[PDB]
Structure formats: C-alpha cells, structure tokens
>>> print(open('structure06.pdb').read())   # PDB, C-alpha atoms
MODEL        1
ATOM      1  CA  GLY A   1      74.320 303.459  66.073
ATOM      2  CA  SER A   2      74.182 302.524  69.736
ATOM      3  CA  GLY A   3      71.924 304.350  72.195
ATOM      4  CA  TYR A   4      69.047 305.101  69.859
ATOM      5  CA  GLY A   5      65.359 304.574  70.719
ATOM      6  CA  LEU A   6      63.358 304.167  73.939
ATOM      7  CA  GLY A   7      65.377 301.535  75.824
ATOM      8  CA  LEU A   8      65.718 301.075  79.598
ATOM      9  CA  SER A   9      67.690 303.301  82.016
ATOM     10  CA  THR A  10      69.028 303.433  85.572
ATOM     11  CA  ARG A  11      69.428 306.018  88.342
ATOM     12  CA  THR A  12      73.200 306.311  87.816
ATOM     13  CA  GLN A  13      72.669 307.249  84.167
ATOM     14  CA  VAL A  14      70.098 309.935  85.057
ATOM     15  CA  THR A  15      72.585 311.837  87.246
ATOM     16  CA  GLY A  16      75.342 311.208  84.716
ATOM     17  CA  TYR A  17      73.353 313.075  82.065
ATOM     18  CA  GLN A  18      72.559 315.964  84.413
ATOM     19  CA  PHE A  19      76.301 316.382  85.027
ATOM     20  CA  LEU A  20      77.078 316.714  81.297
ATOM     21  CA  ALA A  21      74.100 319.058  80.824
ATOM     22  CA  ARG A  22      75.301 321.480  83.531
ATOM     23  CA  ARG A  23      78.926 321.385  82.357
ATOM     24  CA  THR A  24      78.121 322.100  78.703
ATOM     25  CA  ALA A  25      75.632 324.790  79.685
ATOM     26  CA  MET A  26      78.467 326.542  81.497
ATOM     27  CA  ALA A  27      80.711 326.373  78.408
ATOM     28  CA  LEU A  28      78.218 328.352  76.341
ATOM     29  CA  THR A  29      78.122 331.304  78.767
ATOM     30  CA  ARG A  30      81.568 331.346  80.480
ATOM     31  CA  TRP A  31      83.775 329.732  77.820
ATOM     32  CA  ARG A  32      85.660 327.732  80.474
ATOM     33  CA  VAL A  33      85.037 324.369  82.157
ATOM     34  CA  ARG A  34      87.000 324.551  85.418
ATOM     35  CA  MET A  35      83.790 324.606  87.567
ATOM     36  CA  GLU A  36      85.562 325.092  90.895
ATOM     37  CA  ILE A  37      82.296 326.749  91.896
ATOM     38  CA  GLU A  38      79.032 325.799  90.234
ATOM     39  CA  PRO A  39      76.815 328.880  89.996
ATOM     40  CA  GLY A  40      74.128 327.275  87.818
ATOM     41  CA  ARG A  41      73.026 325.076  90.721
ATOM     42  CA  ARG A  42      72.746 328.015  93.122
ATOM     43  CA  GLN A  43      70.902 330.346  90.760
ATOM     44  CA  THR A  44      68.296 327.680  90.053
ATOM     45  CA  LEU A  45      67.824 326.805  93.712
ATOM     46  CA  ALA A  46      67.096 330.445  94.550
ATOM     47  CA  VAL A  47      64.012 330.335  92.337
ATOM     48  CA  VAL A  48      62.846 327.061  93.938
ATOM     49  CA  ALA A  49      63.128 328.730  97.345
ATOM     50  CA  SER A  50      61.098 331.699  96.059
ATOM     51  CA  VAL A  51      58.270 329.517  94.752
ATOM     52  CA  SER A  52      58.224 327.529  97.983
ATOM     53  CA  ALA A  53      57.905 330.716 100.066
ATOM     54  CA  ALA A  54      54.976 331.927  97.944
ATOM     55  CA  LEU A  55      53.108 328.623  98.365
ATOM     56  CA  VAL A  56      53.829 328.477 102.123
ATOM     57  CA  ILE A  57      52.275 331.914 102.558
ATOM     58  CA  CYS A  58      49.490 330.690 100.278
ATOM     59  CA  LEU A  59      48.699 327.842 102.686
ATOM     60  CA  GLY A  60      48.929 330.281 105.604
ATOM     61  CA  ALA A  61      46.100 332.370 104.113
ATOM     62  CA  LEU A  62      43.843 329.336 103.618
ATOM     63  CA  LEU A  63      44.406 328.320 107.250
ATOM     64  CA  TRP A  64      43.098 331.676 108.554
ATOM     65  CA  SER A  65      39.955 331.480 106.365
ATOM     66  CA  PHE A  66      38.669 328.545 108.480
ATOM     67  CA  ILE A  67      39.890 329.929 111.842
ATOM     68  CA  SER A  68      38.282 333.401 111.496
ATOM     69  CA  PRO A  69      35.873 333.680 108.553
ATOM     70  CA  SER A  70      33.942 336.729 107.303
ATOM     71  CA  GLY A  71      30.544 334.955 107.649
ATOM     72  CA  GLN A  72      30.306 335.556 111.439
ATOM     73  CA  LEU A  73      27.654 338.263 111.269
ATOM     74  CA  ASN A  74      24.773 338.854 113.708
TER
ATOM     75  CA  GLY B   1      78.983 256.621 139.834
ATOM     76  CA  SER B   2      79.888 259.963 138.250
ATOM     77  CA  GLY B   3      76.502 261.705 137.741
ATOM     78  CA  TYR B   4      74.165 260.035 140.197
ATOM     79  CA  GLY B   5      72.331 261.797 143.014
ATOM     80  CA  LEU B   6      70.722 265.219 143.368
ATOM     81  CA  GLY B   7      73.552 267.806 143.107
ATOM     82  CA  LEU B   8      73.569 271.386 141.730
ATOM     83  CA  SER B   9      73.381 272.436 138.063
ATOM     84  CA  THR B  10      74.110 275.364 135.746
ATOM     85  CA  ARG B  11      72.463 277.103 132.784
ATOM     86  CA  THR B  12      74.741 275.492 130.182
ATOM     87  CA  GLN B  13      73.920 272.047 131.542
ATOM     88  CA  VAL B  14      70.190 272.717 131.084
ATOM     89  CA  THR B  15      70.435 273.483 127.368
ATOM     90  CA  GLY B  16      72.955 270.705 126.949
ATOM     91  CA  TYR B  17      70.398 268.151 128.138
ATOM     92  CA  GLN B  18      67.555 269.537 126.039
ATOM     93  CA  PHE B  19      69.768 269.263 122.970
ATOM     94  CA  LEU B  20      70.484 265.568 123.599
ATOM     95  CA  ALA B  21      66.770 265.043 124.168
ATOM     96  CA  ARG B  22      65.760 266.556 120.795
ATOM     97  CA  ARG B  23      68.401 264.699 118.829
ATOM     98  CA  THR B  24      67.554 261.341 120.373
ATOM     99  CA  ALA B  25      63.815 261.895 120.046
ATOM    100  CA  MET B  26      63.831 262.206 116.259
ATOM    101  CA  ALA B  27      66.091 259.144 116.115
ATOM    102  CA  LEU B  28      63.158 257.063 117.341
ATOM    103  CA  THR B  29      60.729 258.336 114.702
ATOM    104  CA  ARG B  30      62.801 259.111 111.573
ATOM    105  CA  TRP B  31      65.792 256.808 112.159
ATOM    106  CA  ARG B  32      68.328 259.429 111.059
ATOM    107  CA  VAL B  33      70.271 262.128 112.930
ATOM    108  CA  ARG B  34      71.301 264.442 110.053
ATOM    109  CA  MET B  35      68.744 267.031 111.272
ATOM    110  CA  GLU B  36      68.899 269.450 108.320
ATOM    111  CA  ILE B  37      65.878 271.210 109.812
ATOM    112  CA  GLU B  38      64.536 270.461 113.254
ATOM    113  CA  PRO B  39      60.789 269.944 112.817
ATOM    114  CA  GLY B  40      60.239 268.829 116.401
ATOM    115  CA  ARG B  41      60.696 272.438 117.494
ATOM    116  CA  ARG B  42      58.126 273.901 115.083
ATOM    117  CA  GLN B  43      55.349 271.383 115.753
ATOM    118  CA  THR B  44      55.664 272.078 119.465
ATOM    119  CA  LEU B  45      55.644 275.860 119.045
ATOM    120  CA  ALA B  46      52.484 275.610 116.950
ATOM    121  CA  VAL B  47      50.632 274.215 119.972
ATOM    122  CA  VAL B  48      52.016 276.952 122.234
ATOM    123  CA  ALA B  49      50.760 279.532 119.767
ATOM    124  CA  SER B  50      47.317 277.914 119.794
ATOM    125  CA  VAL B  51      47.049 278.107 123.593
ATOM    126  CA  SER B  52      48.269 281.721 123.525
ATOM    127  CA  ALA B  53      45.670 282.716 120.908
ATOM    128  CA  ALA B  54      42.933 281.105 123.031
ATOM    129  CA  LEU B  55      44.072 283.024 126.130
ATOM    130  CA  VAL B  56      44.130 286.304 124.186
ATOM    131  CA  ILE B  57      40.498 285.904 123.033
ATOM    132  CA  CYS B  58      39.443 284.603 126.460
ATOM    133  CA  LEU B  59      41.069 287.615 128.100
ATOM    134  CA  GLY B  60      39.540 289.844 125.443
ATOM    135  CA  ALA B  61      36.068 288.638 126.505
ATOM    136  CA  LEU B  62      36.608 289.526 130.161
ATOM    137  CA  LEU B  63      37.551 293.056 129.076
ATOM    138  CA  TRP B  64      34.221 293.390 127.211
ATOM    139  CA  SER B  65      32.226 292.408 130.333
ATOM    140  CA  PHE B  66      33.454 295.465 132.232
ATOM    141  CA  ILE B  67      32.726 297.784 129.296
ATOM    142  CA  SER B  68      29.074 296.669 129.173
ATOM    143  CA  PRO B  69      27.615 294.340 131.825
ATOM    144  CA  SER B  70      24.133 292.848 131.915
ATOM    145  CA  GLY B  71      22.804 294.894 134.858
ATOM    146  CA  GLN B  72      22.838 298.302 133.067
ATOM    147  CA  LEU B  73      19.226 298.103 131.843
ATOM    148  CA  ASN B  74      16.852 300.776 130.505
TER
ATOM    149  CA  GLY C   1      50.000 322.112 113.864
ATOM    150  CA  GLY C   2      47.729 323.643 111.228
ATOM    151  CA  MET C   3      45.632 320.490 110.967
ATOM    152  CA  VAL C   4      45.210 320.502 114.775
ATOM    153  CA  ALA C   5      44.335 324.216 115.121
ATOM    154  CA  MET C   6      41.600 324.128 112.409
ATOM    155  CA  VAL C   7      39.544 321.613 114.461
ATOM    156  CA  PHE C   8      39.401 323.923 117.531
ATOM    157  CA  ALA C   9      37.948 326.822 115.531
ATOM    158  CA  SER C  10      35.021 324.533 114.630
ATOM    159  CA  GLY C  11      34.327 324.037 118.364
ATOM    160  CA  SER C  12      34.243 320.233 118.252
ATOM    161  CA  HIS C  13      37.093 320.108 120.833
ATOM    162  CA  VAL C  14      37.459 316.366 120.206
ATOM    163  CA  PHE C  15      41.022 316.470 121.651
ATOM    164  CA  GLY C  16      42.019 315.943 125.289
ATOM    165  CA  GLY C  17      42.716 312.529 126.846
ATOM    166  CA  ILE C  18      41.330 309.799 124.560
ATOM    167  CA  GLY C  19      41.790 312.038 121.500
ATOM    168  CA  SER C  20      45.150 313.732 122.218
ATOM    169  CA  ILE C  21      47.063 310.410 122.242
ATOM    170  CA  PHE C  22      47.146 310.359 118.396
ATOM    171  CA  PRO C  23      48.849 313.726 117.612
ATOM    172  CA  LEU C  24      51.041 313.437 120.714
ATOM    173  CA  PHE C  25      52.643 310.137 119.682
ATOM    174  CA  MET C  26      52.575 310.917 115.943
ATOM    175  CA  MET C  27      54.735 313.988 116.591
ATOM    176  CA  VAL C  28      57.513 311.753 117.972
ATOM    177  CA  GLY C  29      57.664 309.665 114.798
ATOM    178  CA  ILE C  30      58.595 312.676 112.658
ATOM    179  CA  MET C  31      61.461 313.658 114.991
ATOM    180  CA  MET C  32      62.645 310.032 115.030
ATOM    181  CA  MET C  33      63.052 310.037 111.232
ATOM    182  CA  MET C  34      65.080 313.285 111.009
ATOM    183  CA  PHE C  35      67.589 311.890 113.539
ATOM    184  CA  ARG C  36      68.449 308.911 111.329
ATOM    185  CA  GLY C  37      68.748 311.367 108.448
ATOM    186  CA  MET C  38      71.709 313.149 110.048
ATOM    187  CA  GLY C  39      73.242 309.662 110.382
ATOM    188  CA  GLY C  40      76.915 308.890 110.888
ATOM    189  CA  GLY C  41      79.443 311.150 112.520
ATOM    190  CA  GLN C  42      83.069 311.238 113.684
ATOM    191  CA  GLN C  43      84.067 313.497 110.750
ATOM    192  CA  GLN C  44      85.058 316.230 113.262
ATOM    193  CA  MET C  45      85.892 319.135 110.868
ATOM    194  CA  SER C  46      85.259 322.660 112.158
ATOM    195  CA  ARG C  47      86.336 326.316 111.958
ATOM    196  CA  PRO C  48      87.957 326.234 115.447
ATOM    197  CA  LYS C  49      90.101 323.193 114.577
ATOM    198  CA  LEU C  50      91.332 324.418 111.172
TER
ATOM    199  CA  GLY D   1      44.327 308.153 109.173
ATOM    200  CA  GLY D   2      42.895 307.726 112.653
ATOM    201  CA  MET D   3      42.787 311.487 113.326
ATOM    202  CA  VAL D   4      40.687 312.289 110.220
ATOM    203  CA  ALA D   5      38.400 309.376 111.130
ATOM    204  CA  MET D   6      38.103 310.559 114.773
ATOM    205  CA  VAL D   7      37.047 314.085 113.688
ATOM    206  CA  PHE D   8      34.462 312.666 111.281
ATOM    207  CA  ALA D   9      32.977 310.334 113.889
ATOM    208  CA  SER D  10      32.722 313.265 116.328
ATOM    209  CA  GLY D  11      30.515 315.175 113.845
ATOM    210  CA  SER D  12      32.738 318.142 112.976
ATOM    211  CA  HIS D  13      32.668 317.567 109.177
ATOM    212  CA  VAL D  14      35.290 320.353 108.802
ATOM    213  CA  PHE D  15      37.567 318.328 106.417
ATOM    214  CA  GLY D  16      34.860 317.768 103.790
ATOM    215  CA  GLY D  17      35.724 319.394 100.456
ATOM    216  CA  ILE D  18      38.789 321.677 100.126
ATOM    217  CA  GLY D  19      39.613 321.270 103.802
ATOM    218  CA  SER D  20      40.970 317.816 102.833
ATOM    219  CA  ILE D  21      44.083 319.466 101.304
ATOM    220  CA  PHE D  22      45.854 319.369 104.697
ATOM    221  CA  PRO D  23      45.779 315.581 105.392
ATOM    222  CA  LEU D  24      46.578 314.898 101.714
ATOM    223  CA  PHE D  25      49.744 317.045 101.629
ATOM    224  CA  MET D  26      50.933 315.676 104.983
ATOM    225  CA  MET D  27      50.664 312.105 103.683
ATOM    226  CA  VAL D  28      52.765 313.188 100.687
ATOM    227  CA  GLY D  29      55.356 314.842 102.894
ATOM    228  CA  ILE D  30      55.595 311.710 105.036
ATOM    229  CA  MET D  31      56.129 309.560 101.935
ATOM    230  CA  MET D  32      59.030 311.740 100.798
ATOM    231  CA  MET D  33      60.924 311.494 104.101
ATOM    232  CA  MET D  34      60.940 307.660 104.356
ATOM    233  CA  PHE D  35      61.934 307.190 100.689
ATOM    234  CA  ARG D  36      65.351 308.916 100.633
ATOM    235  CA  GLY D  37      67.333 305.643 100.938
ATOM    236  CA  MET D  38      70.732 304.929 102.555
ATOM    237  CA  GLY D  39      73.134 307.806 103.334
ATOM    238  CA  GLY D  40      75.766 306.778 105.892
ATOM    239  CA  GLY D  41      79.377 306.624 107.094
ATOM    240  CA  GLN D  42      80.269 303.707 104.825
ATOM    241  CA  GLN D  43      77.533 304.552 102.282
ATOM    242  CA  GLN D  44      79.256 307.876 101.557
ATOM    243  CA  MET D  45      78.516 307.776  97.791
ATOM    244  CA  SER D  46      75.998 310.552  97.045
ATOM    245  CA  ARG D  47      75.398 313.266  94.449
ATOM    246  CA  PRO D  48      77.528 315.884  96.248
ATOM    247  CA  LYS D  49      80.594 313.592  96.211
ATOM    248  CA  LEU D  50      80.122 311.537  93.036
TER
ATOM    249  CA  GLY E   1      44.906 300.384 126.853
ATOM    250  CA  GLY E   2      42.367 297.896 128.194
ATOM    251  CA  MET E   3      43.207 298.926 131.748
ATOM    252  CA  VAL E   4      42.663 302.532 130.628
ATOM    253  CA  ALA E   5      39.372 301.926 128.762
ATOM    254  CA  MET E   6      37.952 299.878 131.662
ATOM    255  CA  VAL E   7      38.150 302.959 133.958
ATOM    256  CA  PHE E   8      36.153 305.236 131.608
ATOM    257  CA  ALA E   9      33.284 302.743 131.367
ATOM    258  CA  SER E  10      33.151 302.776 135.189
ATOM    259  CA  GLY E  11      32.636 306.562 135.153
ATOM    260  CA  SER E  12      35.541 307.572 137.390
ATOM    261  CA  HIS E  13      36.859 309.660 134.453
ATOM    262  CA  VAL E  14      40.060 310.363 136.455
ATOM    263  CA  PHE E  15      42.181 310.609 133.229
ATOM    264  CA  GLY E  16      42.866 313.669 131.099
ATOM    265  CA  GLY E  17      45.515 316.209 132.029
ATOM    266  CA  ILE E  18      47.094 315.286 135.385
ATOM    267  CA  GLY E  19      46.091 311.620 135.172
ATOM    268  CA  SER E  20      46.935 310.989 131.500
ATOM    269  CA  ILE E  21      50.641 311.907 132.062
ATOM    270  CA  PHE E  22      51.182 308.487 133.733
ATOM    271  CA  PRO E  23      50.011 306.155 130.912
ATOM    272  CA  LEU E  24      51.519 308.527 128.305
ATOM    273  CA  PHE E  25      55.017 308.408 129.898
ATOM    274  CA  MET E  26      54.611 304.748 130.887
ATOM    275  CA  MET E  27      54.052 303.847 127.223
ATOM    276  CA  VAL E  28      57.518 305.184 126.290
ATOM    277  CA  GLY E  29      59.225 302.869 128.790
ATOM    278  CA  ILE E  30      57.771 299.722 127.223
ATOM    279  CA  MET E  31      58.772 300.927 123.756
ATOM    280  CA  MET E  32      62.241 301.729 125.136
ATOM    281  CA  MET E  33      62.494 298.135 126.425
ATOM    282  CA  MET E  34      61.747 296.636 122.969
ATOM    283  CA  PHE E  35      64.186 298.867 121.065
ATOM    284  CA  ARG E  36      66.974 297.673 123.342
ATOM    285  CA  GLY E  37      66.362 294.264 121.726
ATOM    286  CA  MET E  38      67.241 295.892 118.353
ATOM    287  CA  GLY E  39      70.964 296.025 119.214
ATOM    288  CA  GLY E  40      71.590 292.454 118.029
ATOM    289  CA  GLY E  41      73.678 293.468 114.991
ATOM    290  CA  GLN E  42      74.532 295.838 112.089
ATOM    291  CA  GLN E  43      74.629 293.804 108.855
ATOM    292  CA  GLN E  44      72.450 292.763 105.913
ATOM    293  CA  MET E  45      72.132 289.527 103.901
ATOM    294  CA  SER E  46      68.859 290.455 102.150
ATOM    295  CA  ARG E  47      67.538 288.685  99.042
ATOM    296  CA  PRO E  48      68.432 291.698  96.808
ATOM    297  CA  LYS E  49      72.133 291.367  97.718
ATOM    298  CA  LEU E  50      72.291 287.557  97.521
TER
ENDMDL
END
>>> encode(input="structure06.pdb", output="structure tokens")
Amino acid sequence: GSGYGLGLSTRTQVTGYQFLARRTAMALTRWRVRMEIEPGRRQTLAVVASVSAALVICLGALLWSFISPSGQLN
Amino acid sequence: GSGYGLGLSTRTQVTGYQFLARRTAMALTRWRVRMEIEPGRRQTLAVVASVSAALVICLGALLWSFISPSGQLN
Amino acid sequence: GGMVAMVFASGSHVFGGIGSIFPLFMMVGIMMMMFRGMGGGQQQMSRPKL
Amino acid sequence: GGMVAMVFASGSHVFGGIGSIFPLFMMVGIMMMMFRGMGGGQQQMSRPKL
Amino acid sequence: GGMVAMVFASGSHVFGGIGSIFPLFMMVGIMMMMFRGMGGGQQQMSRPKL
C-alpha cells in the first residue's frame, strides 16, 4: 500500500506525526482523549530543564578552573 | 513666447526635463522609444563608480602616509 | 561574559580602547535579535482587563 | 571571529585546546537564534496554535 | 576609523575611557541614520513566492 519505504517528507508532516504520537500515548495511560491539558509535554520538559541546569553548572566549574587554578604554588 | 527667458523653476520641472533628455537621446542612437530597459542610465553610472573607486584608493593612500611616513628612520 | 573574563585571568589585558570595540558592539547585536523575536503586538489580553 | 584572532595575535594563547569550547558553543547558540523563521501578527500559524 | 587610527600613530593616545565614549556613541548615530532608510515598505515578492 501507500506510504511504504523511504520517500521524501516535509516539516508539516513531522509535526503531524508528533501530534498523533502524543495523543495515542495518552490513550494507553489515561483511557481518554479529551486532552484539555497536555501533561506529557510538561513532564518531558521538566527533564530537559534538569539536564540543562546540570550542564550550565558544569560549564560554570570549567570557567573557574582557568580563573583560579590549583597550580599557583610558590 | 511661453517659456523663454530666465525665470524660476521647481523640483518637478528638473526631473521632467531630464526625462525628456534621456528619451530623446536614445532616439538618436537606437531609433526606437519603447525603452524596455534604460541602458543609458547604467552605462553612465558605471563611470561614476569607476571615479568613486579611484577616489577611495587614492584617499586610502593618504591615510597610510600618516600611519608610517618616510622620516621615522632607525 | 565568560569568554571575556577568562582573558583577564591570563593577564594579557588586551581589552580597553582598540580592543573593547568588538565585545561592546557585539553585545548590541544579540539584544537586537531578541526584540524581533517578541514581534507583533496589539493583542492586549491581561488579568486586570478580564 | 575577530575577538579570538585578537587574543591570539596578542600572545595569550589561552584558547588553545579545551579552552576553545567557549567560542564554539557561542557560534552554535548564535546560529540557533537567527534560524527560527517567521513568527508574526499575520504569520500566526505556529505549533502552539496549529 | 581612519580618523581614529591616525591619532594613535601620532602618539597622542588620547582615546580609551573618557575619549573613546565619543566615537563609540557617534557610531550609533550613523547607524541610526541608515536604518531610517529601511522604512520604505513591508512586503515581499521574493523568488520563492513567485
């Protein structure tokens, strides 16, 4: 049938698929599709914020290593 | 006569004359007035650009003289 | 800011006058892009109006 | 690019090796900001509304 | 910039700090004068749309 194989694609189709993926994912855990509020989005974003904060602090540590190193003896 | 003498003039009358001059000039060389594109304009501008580029380099040379003149020996 | 501060700890102190003109103007370009990002307006919805 | 070049010409040599991570990430961050596309008052169509 | 560079080669070295505020602020005015020429319209007829 139609749609098989590695054909071309567009940016409107990529978001279209992400909409069906979120909506069906909700139906497996909440058994309803109303989606007045979309908690999957929020719960994912919270992890992205967490990872970002860890890396930001990570860069902060590297910045101090060059400003005030341990090698300044004598 | 109607237009003789040395009376005052306005901005719209200045462009008005230069338009009649361009249209009648090409009529002497190409024998047609359709003027799809107006090549007289471009060929003139190309000379103006040439003089401007010469002045830029010329002025660029004077700037170099002050940065490093001949009398600063040793 | 981090890129700028790291140079001072090395003691090169290349900034000031001739040097400072780069980071000074470059900083403006970033602000100029975020302004166009919050583009548009006139929507005028707000807690005090509702 | 001028700033990294200015520091190198001045003899600091601080950005050699891992220090280069700062200019590299900034260039990436700059690329992301100017590549978001049109989001306006007429160009209202965007993921949150579609 | 040429007017600026020409003074350093003469050794007056009057720029930096107090002095540099003039050419720094002066530069914005010229840029402000060109952007005013940008207000000629708000439309597109680009090759991608044609």
>>> resolve_selection(input="structure06.pdb", expression="the ChimeraX specification (/A :<12) & /C", output="list in words")
residues 1, 2, 3, 4, 5, 6, 7, 8, 9, 10 and 11 of chain C
>>> calpha_fit_and_write(input="structure06.pdb", fixed="chain C", moving="chain D", output="CSV table (one decimal) with C-alpha atoms, in the frame of the given file")
chain,number,residue,atom,x,y,z
D,1,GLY,CA,48.5,322.0,113.2
D,2,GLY,CA,46.0,322.0,110.4
D,3,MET,CA,44.9,318.4,111.0
D,4,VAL,CA,44.1,318.9,114.7
D,5,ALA,CA,42.2,322.1,113.7
D,6,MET,CA,40.3,320.2,111.0
D,7,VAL,CA,39.1,317.5,113.4
D,8,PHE,CA,38.0,320.1,115.9
D,9,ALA,CA,36.0,322.1,113.3
D,10,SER,CA,34.3,318.9,112.1
D,11,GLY,CA,33.0,318.3,115.7
D,12,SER,CA,34.8,315.1,116.7
D,13,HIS,CA,36.3,316.5,119.9
D,14,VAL,CA,38.3,313.2,120.3
D,15,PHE,CA,41.7,315.0,121.0
D,16,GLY,CA,40.3,316.9,124.1
D,17,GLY,CA,42.1,315.9,127.3
D,18,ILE,CA,44.6,313.0,127.3
D,19,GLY,CA,44.0,312.3,123.6
D,20,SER,CA,46.2,315.4,123.0
D,21,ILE,CA,49.3,313.3,123.9
D,22,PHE,CA,49.6,312.1,120.2
D,23,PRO,CA,50.0,315.5,118.4
D,24,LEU,CA,52.2,316.8,121.3
D,25,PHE,CA,54.8,313.9,121.0
D,26,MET,CA,54.8,314.1,117.2
D,27,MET,CA,55.7,317.8,117.3
D,28,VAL,CA,58.5,316.9,119.7
D,29,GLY,CA,59.7,314.1,117.4
D,30,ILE,CA,59.7,316.5,114.4
D,31,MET,CA,61.7,319.0,116.3
D,32,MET,CA,64.4,316.4,117.1
D,33,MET,CA,64.9,315.4,113.5
D,34,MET,CA,65.5,318.9,112.0
D,35,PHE,CA,67.9,319.9,114.8
D,36,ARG,CA,70.7,317.3,114.3
D,37,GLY,CA,73.0,319.7,112.4
D,38,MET,CA,75.5,319.1,109.6
D,39,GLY,CA,76.9,315.6,109.1
D,40,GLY,CA,78.5,315.2,105.6
D,41,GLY,CA,81.3,314.1,103.3
D,42,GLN,CA,83.5,317.0,104.1
D,43,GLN,CA,81.9,317.6,107.6
D,44,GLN,CA,83.1,314.2,108.7
D,45,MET,CA,83.9,315.3,112.3
D,46,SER,CA,81.4,313.6,114.6
D,47,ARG,CA,81.4,311.8,118.0
D,48,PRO,CA,82.2,308.4,116.5
D,49,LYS,CA,85.4,309.7,114.8
D,50,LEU,CA,86.5,312.4,117.2
>>> resolve_selection(input="structure06.pdb", expression="the PyMOL selection byres ((chain D and resi 33-50) around 7)", output="list in words")
residues 39 and 40 of chain C; 29, 30, 31 and 32 of chain D
>>> calpha_fit_rmsd(input="structure06.pdb", fixed="chain B", moving="chain A")
0.5 Å
>>> interface_residues(input="structure06.pdb", of="chain C", to="chain E", cutoff="9 Å", atoms="all atoms listed in the file", output="list in words")
residues 16, 17, 18, 21 and 25 of chain C
>>> axis_aligned_box(input="structure06.pdb", around="segment 14-22 of chain D", padding_each_side="3 Å", output="AutoDock Vina command-line options")
--center_x 40.4 --center_y 319.7 --center_z 104.5 --size_x 17.0 --size_y 9.9 --size_z 14.7
>>> decode(input="structure06.pdb", residues="segment 7-29 of chain D", atoms="N, CA and C atoms", output="CSV table (one decimal), in the first residue's frame")
chain,number,residue,atom,x,y,z
D,7,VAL,N,43.0,38.0,20.5
D,7,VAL,CA,43.7,37.3,21.6
D,7,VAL,C,44.9,36.5,21.2
D,8,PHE,N,44.8,35.8,20.1
D,8,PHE,CA,45.9,35.0,19.6
D,8,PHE,C,47.0,35.9,19.1
D,9,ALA,N,46.7,37.0,18.4
D,9,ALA,CA,47.8,37.9,17.9
D,9,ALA,C,48.5,38.6,19.1
D,10,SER,N,47.8,38.9,20.2
D,10,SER,CA,48.3,39.5,21.4
D,10,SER,C,49.2,38.5,22.2
D,11,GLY,N,49.3,37.2,21.9
D,11,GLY,CA,50.1,36.3,22.6
D,11,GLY,C,49.6,35.6,23.8
D,12,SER,N,48.3,35.6,24.1
D,12,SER,CA,47.8,35.0,25.3
D,12,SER,C,47.8,33.5,25.1
D,13,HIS,N,47.3,33.0,24.0
D,13,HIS,CA,47.3,31.5,23.7
D,13,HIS,C,46.5,30.7,24.7
D,14,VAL,N,45.5,31.4,25.4
D,14,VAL,CA,44.6,30.8,26.4
D,14,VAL,C,43.6,29.8,25.8
D,15,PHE,N,43.0,30.2,24.6
D,15,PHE,CA,42.0,29.4,23.9
D,15,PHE,C,42.5,28.1,23.1
D,16,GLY,N,43.8,27.8,23.2
D,16,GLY,CA,44.3,26.6,22.6
D,16,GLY,C,43.8,25.4,23.4
D,17,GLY,N,43.5,24.3,22.7
D,17,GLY,CA,43.0,23.1,23.3
D,17,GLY,C,41.5,23.3,23.8
D,18,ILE,N,41.2,22.7,25.0
D,18,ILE,CA,39.9,22.7,25.5
D,18,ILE,C,39.3,24.1,25.7
D,19,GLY,N,40.1,25.1,25.9
D,19,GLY,CA,39.6,26.4,26.1
D,19,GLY,C,38.7,26.9,24.9
D,20,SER,N,38.9,26.3,23.7
D,20,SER,CA,38.1,26.6,22.5
D,20,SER,C,36.7,26.3,22.6
D,21,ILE,N,36.2,25.5,23.6
D,21,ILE,CA,34.8,25.2,23.8
D,21,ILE,C,33.9,26.4,23.9
D,22,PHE,N,34.4,27.5,24.5
D,22,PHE,CA,33.6,28.7,24.6
D,22,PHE,C,33.2,29.3,23.3
D,23,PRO,N,34.2,29.7,22.4
D,23,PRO,CA,33.8,30.3,21.1
D,23,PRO,C,32.9,29.4,20.3
D,24,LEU,N,33.2,28.1,20.3
D,24,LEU,CA,32.5,27.1,19.6
D,24,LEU,C,31.0,27.0,20.0
D,25,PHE,N,30.7,26.9,21.2
D,25,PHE,CA,29.3,26.9,21.7
D,25,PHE,C,28.6,28.2,21.4
D,26,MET,N,29.3,29.4,21.6
D,26,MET,CA,28.6,30.6,21.2
D,26,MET,C,28.2,30.7,19.8
D,27,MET,N,29.1,30.3,18.9
D,27,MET,CA,28.8,30.3,17.5
D,27,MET,C,27.5,29.4,17.2
D,28,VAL,N,27.4,28.3,17.9
D,28,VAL,CA,26.2,27.4,17.8
D,28,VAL,C,25.0,28.1,18.3
D,29,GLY,N,25.1,28.8,19.5
D,29,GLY,CA,24.0,29.5,20.0
D,29,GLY,C,23.5,30.6,19.1
